[PDB]
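[1] here is the input, now give the coordinates:
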Amino acid sequence: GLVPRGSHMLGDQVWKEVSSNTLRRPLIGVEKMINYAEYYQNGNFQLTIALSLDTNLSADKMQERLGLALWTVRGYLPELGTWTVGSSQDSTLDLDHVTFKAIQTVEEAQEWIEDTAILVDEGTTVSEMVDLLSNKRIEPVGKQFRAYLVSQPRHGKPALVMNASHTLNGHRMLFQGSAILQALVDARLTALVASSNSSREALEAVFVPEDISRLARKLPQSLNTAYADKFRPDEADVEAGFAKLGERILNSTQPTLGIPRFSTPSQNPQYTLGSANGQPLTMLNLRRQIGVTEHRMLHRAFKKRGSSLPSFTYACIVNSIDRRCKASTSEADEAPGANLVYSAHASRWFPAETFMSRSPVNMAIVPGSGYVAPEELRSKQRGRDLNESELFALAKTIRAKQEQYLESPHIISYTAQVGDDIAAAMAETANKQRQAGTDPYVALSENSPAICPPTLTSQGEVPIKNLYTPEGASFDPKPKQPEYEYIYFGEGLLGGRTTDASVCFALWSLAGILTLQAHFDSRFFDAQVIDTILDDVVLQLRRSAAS
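    Numbers count the residues shown, from 1 in each chain. Please find the structure below.
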């Protein structure tokens with residue numbers, strides 16, 4: 001047992017001790033680009049997810065357990081305590097690293113708990129909390145994760161609402177939320193609360209100073225180092241990555257249809273979620289939800305027709321954008337194509353063990369690209385007004401182009417250098433905009449293209465245990481008035497944040513419920529048009545599944 005199995009050389013060493021009880025590693029790849037965008041673009045990409053709860057726990061029980069449950073989860077998920085904004089010794093800002101401070105005292109632990117396990121004030125609903133959190137950046141900048149318990153809403157079910165930086169997160173939020181819900185019904189925690197006269201006294205009974213020597217192996221690594229450890233890219237693989245970059249750059253310059261942004265940001269936006277702090281809530285998440293039964297039937301119907309739910313949804317988005325906006329980067333009368341902007345998850349090439357406990361990859365985005373030719377998205381008979389057969393053909397074309405682009409993991413090879421260059425250029429652009437006195441919303445839009453190309457990322461259903469009892473997590477169905485404590489989630493809500501002048505569509509599923517949503521700032525795009533596109537897509541999905 002002296003020769004460990006597997007390939008883990010880089011991942012075993014990325015986190016280094018930089019000071020007492022403090023680990024640090026450099027950010028590499030997409031995670032570095034995200035960290036810079038969150039700092040310089042007001043929290044761009046940050047995530048809010050609400051898990052709506054059925055439970056027989058009172059609000060008071062959930063409130064008195066939340067902080068200790070979070071503390072317990074932190075013990076095996078130190079990723080919750082990472083930080084991405086620091087300074088060098090010359091005092092200059094440092095966005096290039098992630099750090100982890102191992103907590104040594106009860107006082108320090110209690111401070112982290114109170115900053116991270118928030119009890120939401122009476123009345124506020126779950127939907128209101130997702131609106132609020134998605135409409136601002138996480139503070140203080142550098143904080144990676146915060147949990148909000150909505151246990152006293154004036155109507156509706158309670159929820160666990162998580163707000164996270166995207167730098168080291170994504171899919172992982174569901175696993176983090178699941179761990180918190182499981183901890184909330186652990187009998188040992190219930191007994192601890194029952195045996196203690198304050199939450200700090202409960203913490204004192206269990207607290208152990210955190211140990212960097214053993215926690216390093218549980219902290220997340222960049223996808224880039226996991227990629228190097230698994231694939232050991234050689235010169236030809238590196239050059240293959242550059243070829244995928246060149247294809248993506250080319251696709252971004254070819255004539256494309258898309259959604260036109262406003263030439264200048266609206267000073268009086270009418271489409272808001274209310275106001276907070278005297279300013280309107282213009283970050284919108286326009287959602288279309290499809291329930292368990294209909295989702296199952298749609299997924300089957302498209303498969304039976306030789307198609308797929310995600311590829312047909314993409315075809316409908318492309319075609320609706322074309323018909324509703326009639327906007328393209330073609331400087332002539334020529335019909336445009338469509339530049340496809342989308343992400344893939346690294347699980348397409350990496351096994352499940354890459355995303356577990358040992359040096360996990362917690363942000364597994366791999367950028368995709370593709371380009372639909374004008375002849376593939378217009379009909380010689382109908383022009384833009386594609387019939388059902390022509391939409392199925394467009395879906396097939398999209399699916400084939402994505403499968404071709406995503407065949408190889410070596411896309412990842414280009415992202416370290418591109419990440420460095422994009423990050424450096426971001427900081428330089430921000431500096432130039434500050435020197436120019438540019439208005440912040442002008443700064444967030446002036447470098448965005450005039451035409452936003454069709455941007456859809458799809459995530460298929462991944463089974464997650466969503467029932468929690470004192471025996472642990474399980475896939476069993478929601479119980480009907482059991483004798484034992486339980487928490488169950490059958491529905492989630494996503495609030496995405498897109499602060500630059502783009503429109504991002506997301507198709508995803510949780511507990512069998514499918515959501516198609518668009519997130520964007522209504523200061524840059526007409527929300528009526530986006531709502532019309534979403535309605536068009538859902539109507540066509542329903543029509544073509546019934547055909």
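
[2] who touches residue 346 in this structure?
    By CB atoms under 8 Å, 6 or more residues apart in numbering, the contact set of residue 346 is 223, 226-227, 354, 361, 364-366, 409, 412. No exception for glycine: its C-beta is placed from N, CA and C like everyone else's.

[3] how about the closest residue to residue 132 other than its chain neighbours, what does it touch?
    Distances taken as CB to CB, 6 or more residues apart in numbering place residue 276 nearest to residue 132, at 6.1 Å, with adjacent residues excluded. Under the criterion of CB under 8 Å, 6+ apart, the neighbours of residue 276 are 132, 135-136.

[4] cool, and residue 440?
    residue 42.

[5] list phi and psi for it.
    phi -60, psi -40 (degrees, to the nearest 10).

[6] that one and residue 184, how far apart?
    39 Å (CB to CB, to the nearest Å).

[7] ditto for residue 190
    According to CB to CB, residue 190 and residue 184 sit 9 Å apart.

[8] if we can go back for a sec, inside helices: which ones of the contacts of residue 276?
    Taking DSSP state H, the ones among these that sit in helices are residue 132.

[9] joint contacts of residue 190 and residue 184?
    residue 65.

[10] more neighbours: those two, which one.
    residue 184 (26 against 18; other CB atoms under 10 Å).

[11] from residue 488, how far out is that one?
    From residue 184 to residue 488 the distance is 12 Å (CB to CB).

[12] which neighbours do those two share?
    residue 468.

[13] buried residues in stretch 238-252?
    240-241, 244-245, 247-248, 251 (16 or more other CB atoms under 10 Å).

[14] swap that for stretch 446-457, please
    Buried-residue list, stretch 446-457, by 16+ other CB under 10 Å: 449, 451-457.

[15] and the host helix or strand of residue 431, how far out from the chain's middle?
    Secondary-structure assignment from DSSP states H and E places residue 431 in helix 411-436. Offset of helix 411-436 from its chain centre (CA atoms, centre = their mean, to the nearest Å): 21 Å.

[16] name the helices or strands packed onto it?
    Secondary-structure packing of helix 411-436 (3 or more CB pairs under 8 Å, 6 or more residues apart in numbering; DSSP states H and E): helix 30-40, helix 223-231, helix 235-251, strand 365-372.

[17] ok, then the element right after that helix?
    Taking DSSP H and E, what comes next after helix 411-436 is helix 440-445.

[18] surely residue 164 and residue 144 touch.
    Yes. Residue 164 lies in contact with residue 144 (CB atoms under 8 Å); the separation is 6.4 Å.

[19] hey, what's in contact with both of those two?
    residue 138.

[20] ok, now how distant is the most far-flung residue of the chain relative to its centre from residue 389?
    Distance from the C-alpha centroid of the chain peaks at residue 381, with 40.3 Å (CA atoms, centre = their mean). To residue 389, residue 381 is 11 Å away according to CB to CB.

[21] on that earlier part again, pick the one among the buried residues of stretch 446-457 closest to residue 205.
    residue 457 (44.9 Å; CB to CB).

[22] for the closest one, give the beta-bridge partners.
    residue 506 (DSSP bridges).
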